[PDB]
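Since the structure comes first, as structure tokens, the remarks are kept for the end.
Computed from the coordinates by the stated procedures, all read-outs in this text should not be read as laboratory data. Neighbour counts run over all protein chains shown; Cβ positions are idealised from the backbone, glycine included.
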């Protein structure tokens, strides 16, 4: 067990040397550092999935909500940390994977493509609401949360765009999907809902 | 002028010639490229990632297609019986249509190499048991009993200690050759009070470092 | 003779090819050049000279177009109010049509670089005051009061000491992005007896040393 | 361009010319050969049995 | 044992195929703007990646509705991104000097034009998440071709031509899952959500091998 | 970040555009003398400077009034500065050996002629202030082209052709303000002084941004 203290915030995670670095590259310079903790979503028995758009999710909280609405240019990396807290009588498996330039599709208004800090739910998770099948999602940077063995998963995402500087209020770089591949199961009397906590931490941010 | 000569083959438009042509904008300067991470130099870097097979592709799961990725083990099943079986050809239909290896092998004609199939248990922590992962060599017969499938090539997998075991198919080729894989109940499913009775397994599949293909063809 | 071959692309007249052709007068000797001063090697030496903008382009000055170069300050105006405002795009219409930077940017498609806008006071010697030259960054809002325009990027200009101040626009680009410039009355206009009550300012504008453009296009 | 000249003998299909032609599959790799015993290099090894 | 050159990124995109077919019966002018995602093939293949960078190479095979050739002179005008299009048969834009053209007879081997990389960004992109200013559409816009018969009178020959296109110097970035649903429009990745066709085909029992 | 080669003086004047269009119905000869300031485009662009020095390169695309081609033989005669012009169809000046010509069929790729720098001075000039000896006109006079169909009988084919022209090896001196008024004649810089169109377009109030 350890206690990471970056900024005025702190979180408590164990020593887990199983980070995944997206496309084999660290974030760096030459083309606000704390642990923002979002809301916790309740994994029920028949939930379908959730997705968050980046960096739209940080335009309402922190001073970064004011840095994005005041400055024009923007460039940064990220560090996502997802963890699920369940006992040894629950079973299930989650798949968390980033996906650059996630474009949705209509069976869309502004409340669904940019849901903000809460996050929206999926309707047809077999096709990811985008026409592409779920079974080949693991070509992206992905990590398995299996409630039998491990409870944490962290992805390091570098900056990925064709233009070195980009606005923060119009464009959204990548999404982040969390899908219940194997659903949650228990017996009666146990806790019906399991919480999932998402933690974001920007790395090497720049503002022009 | 020098004397020249026109051979047969003039004025023909061959569609697959690497011939340099006259540019339309000679003074133009294109935008010089920058460093963007994640460059694909060859298509065999996409054929080496573990994607999810579709083993439970029955007739009733066409309405609710989210159930097609996981196949169940249970507690009411006896011992020494069969759980699931599927062939080992990435080309033809069946389970291997749903992976990225079986979708890039529709763009070619001949392929040859070795594979690897990875399983993963997604049950409760307090349960345990044993499973038998038997691989029939190509051209042989499907086993009818576990004691005949034990004599071949097989891996004993107990999910009380590990949660994932990898089985390596030695060689496939295409110019029937099927590498039939069966999952046998070694012991029954034991479970304490409170934990659920059923579980699910997911299957992953990708290619090895000696899987090449040739003769580009359109689907 | 050697064997040759005719590829597709023969007998075509491409209008933009640098092909050497047969001369019509082979024995002719052209007159050899001499040294004439003022040779233009590149069009970006013409885009670096201070030419006069047309800020006072109202509807009533179309009849007498000599008044369109100078915009007036006065003594009856109060303090803290607005004098003039214009955008900062050399491409589109408005004030920047009248300069040499906005007439060579009609012959191209994409441009990117930094500018500089120079002002010049043309009033009497015995008068003095102060002016505020505020520059709104692109994408923001036009200020409504001087105390909001003071917080941005601005230059305080008193014409009792200097007669010309230069404001540098940091970056523009074109593939809305407007660099709105406002002139605010810091103090009112003070003047002794005998000197006239009104004055006039002229505005100059040219490009910096990092202003390039591409994709030649006809107007 | 350089000045050229067309001699007589153009556009004729001679059936016995060793002329290199444009391939139909440029990216293809043929199967490389192996050692098979009993290679005939000349027809006068068959006329000596 | 063989080499791994049949699956390089360049050799996956060679062998120029048809991208358009243009008629012109006895108006008199056509405007075909350059697009890749016009056919079901090569849309599914270019959407395997996210960022591509390539130039092109065109070829205009031209004939009559049934094979035959007549001694006719033709003009193919290329309009760069950001220029006004020709509106009539005798508009001023046909004689603008900066839009390059080719003059080719029908009894000629076909023309061959090569267009370089035209984007103001560093690569193309088929997926844009944000908004331009209304739809979620990018700003690549490779160009526009315009075809007419020269002359001041209506030519008594209906002409059909087809446009072939190769792709040279391909580089790609950030792979993506392949599309498994049918297409509806040419701008957005919409599907028919009332029924989802499964990826695999079915069998009766799980042990029926 | 890119280079500064799109604004060089040579690349400002490339991409050959149309300078004339010549009909010849069923006389029989035409005299088109070489001039740059015949079109509103390229007059405004060459009057940015004062002294220019360049050679040319011509191309004669030739057809019928509607596209088609016929097996006809043609002659394009170039008359140097200071030679008498052909007056009739069968004048002696058609066979003068020192005026060079080209012989080209209609079913041929078009001809290409390159004319060198022809002035007795050291550069051309579009603006002359003084008097020649009556109008304020210079003495450049690049040449004259003459076109006819060979043969001693009237050919039963009305011919139209257009003349394209490139400009090579450009050097310029002494820049000048660009013309903002319409043109009236082709020799003098006259304007319509009864009304002066303003350079910029207007707005309502000076603070209405």
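For the range E:137-162, name all the residues that are under 30 Å from residue E:105 (Cα atoms), in a loop (DSSP other than H, G, I, E, B) and within 8 Å of another protein chain (Cβ to nearest Cβ). Once the filter is applied, which keeps residues that are under 30 Å from residue E:105 (Cα atoms), in a loop (DSSP other than H, G, I, E, B) and within 8 Å of another protein chain (Cβ to nearest Cβ), the range E:137-162 yields E:150, E:152, E:153, E:154, E:155, E:156, E:157. The residue pairs whose first member lies in the range E:138-162 and is on the phi > 0 side of the Ramachandran plot, whose second member is surrounded by fewer than 17 Cβ atoms within 10 Å (Cβ to Cβ) and assigned to a loop (DSSP other than H, G, I, E, B), and whose beta carbons are closer than 6 Å, counting only pairs six or more residues apart or on different chains, are E:151/F:65. The set of residues in the range C:48-77 being facing chain F (nearest Cβ under 8 Å) and part of a loop (DSSP other than H, G, I, E, B) consists of C:54, C:55, C:56, C:57, C:58, C:59.
So that you can scan it fast, the table gives a plain yes or no per residue for (1) surrounded by fewer than 21 Cβ atoms within 10 Å (Cβ to Cβ); (2) within 27 Å of residue A:86 (Cβ to Cβ); (3) at the interface with chain E (Cβ under 8 Å from one of its Cβ atoms):
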site: A:122; (1), (2), (3): yes, yes, no
site: A:129; (1), (2), (3): no, yes, no
site: A:138; (1), (2), (3): no, yes, no
site: A:151; (1), (2), (3): yes, yes, no
site: A:160; (1), (2), (3): no, no, yes
site: A:163; (1), (2), (3): yes, no, yes
site: A:168; (1), (2), (3): no, no, no
site: A:178; (1), (2), (3): no, yes, no
site: A:181; (1), (2), (3): no, yes, no
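Each residue in the range A:65-103 was checked for being under 17 Å from the mean Cα position of the chain (by Cα), away from chain E (no Cβ under 14 Å) and within 17 Å of residue A:200 (Cβ to Cβ), and 10 pass. Within the range D:5-34, residues that are closer than 30 Å to residue B:3 by Cβ reach partners that are in a loop (DSSP other than H, G, I, E, B) with beta carbons closer than 7 Å, at six or more positions or on different chains, in the pairs D:5/B:1; D:7/C:1; D:13/B:8; D:19/B:7; D:21/B:9; D:22/B:9; D:22/B:14; D:22/B:17. Just one of the listed residues (F:197, F:205, F:192) is more than 30 Å from residue C:20 (Cβ to Cβ), more than 12 Å from every other protein chain (Cβ to nearest Cβ) and surrounded by fewer than 18 Cβ atoms within 10 Å (Cβ to Cβ), and it is F:192. Scoring residue A:117 on the criteria (1) more than 9 Å from chain E (Cβ to nearest Cβ); (2) over 27 Å from residue B:123 (Cβ atoms); (3) crowded, with 16+ Cβ neighbours inside 10 Å leaves a single failure, condition (3).
Just to verify a result, which residue in the range C:1-42, among those that are part of a strand (DSSP E or B) and within 10 Å of chain B (Cβ to nearest Cβ), is surrounded by the most Cβ atoms within 10 Å (Cβ to Cβ)? By that ranking, first place goes to C:14.
Given the criteria surrounded by fewer than 19 Cβ atoms within 10 Å (Cβ to Cβ) and more than 20 Å from residue C:106 (Cα to Cα), does residue F:67 qualify? No.
For the condition farther than 14 Å from residue B:83 by Cβ and surrounded by 14 or more Cβ atoms within 10 Å (Cβ to Cβ), residue B:156 does not qualify.
Scanning for something within 14 Å of chain E (Cβ to nearest Cβ) and farther than 14 Å from residue A:101 by Cα, does the range A:189-197 turn up at least one residue? No, the range A:189-197 contains no residue that is within 14 Å of chain E (Cβ to nearest Cβ) and farther than 14 Å from residue A:101 by Cα. Scanning the range F:29-46 for residues that are under 26 Å from residue F:177 (Cα atoms), over 8 Å from the mean Cα position of the chain (by Cα) and surrounded by fewer than 15 Cβ atoms within 10 Å (Cβ to Cβ) turns up just one, F:40.
Tell me, yes or no, whether the range F:55-63 has at least one residue that is more than 14 Å from chain E (Cβ to nearest Cβ) and surrounded by fewer than 16 Cβ atoms within 10 Å (Cβ to Cβ). No: zero hits. Report, by residue number, each residue of the range F:163-185 that is more than 9 Å from every other protein chain (Cβ to nearest Cβ) and closer than 30 Å to residue C:98 by Cβ. Across the range F:163-185, the qualifying residues are F:167, F:170, F:176, F:179, F:181, F:182, F:183, F:184, F:185.
For the range E:95-113, a residue qualifies if it is facing chain F (nearest Cβ under 10 Å) and part of a loop (DSSP other than H, G, I, E, B), and the qualifying residues are E:96, E:97, E:98, E:99, E:100, E:106, E:107, E:108. None of C:163, C:124 is under 24 Å from the mean Cα position of the chain (by Cα) and in a loop (DSSP other than H, G, I, E, B) except C:163. Against the conditions (1) over 16 Å from residue F:125 (Cα atoms); (2) assigned to a strand (DSSP E or B), residue F:172 satisfies every one except (1).
Each row is one residue, and each column tells you yes or no for (1) within 14 Å of chain C (Cβ to nearest Cβ); (2) farther than 21 Å from residue F:31 by Cβ; (3) over 17 Å from the mean Cα position of the chain (by Cα); (4) loosely packed, with under 13 Cβ neighbours inside 10 Å.
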| residue | (1), (2), (3), (4) |
| --- | --- |
| F:78 | yes, no, no, no |
| F:81 | yes, no, no, no |
| F:93 | no, no, yes, no |
| F:115 | yes, no, no, no |
| F:121 | yes, yes, yes, no |
| F:128 | no, yes, yes, no |
| F:135 | no, yes, yes, yes |
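Residue D:45 satisfies every condition listed in (1) within 11 Å of another protein chain (Cβ to nearest Cβ); (2) over 21 Å from the mean Cα position of the chain (by Cα); (3) surrounded by 10 or more Cβ atoms within 10 Å (Cβ to Cβ); (4) at negative phi except (1).
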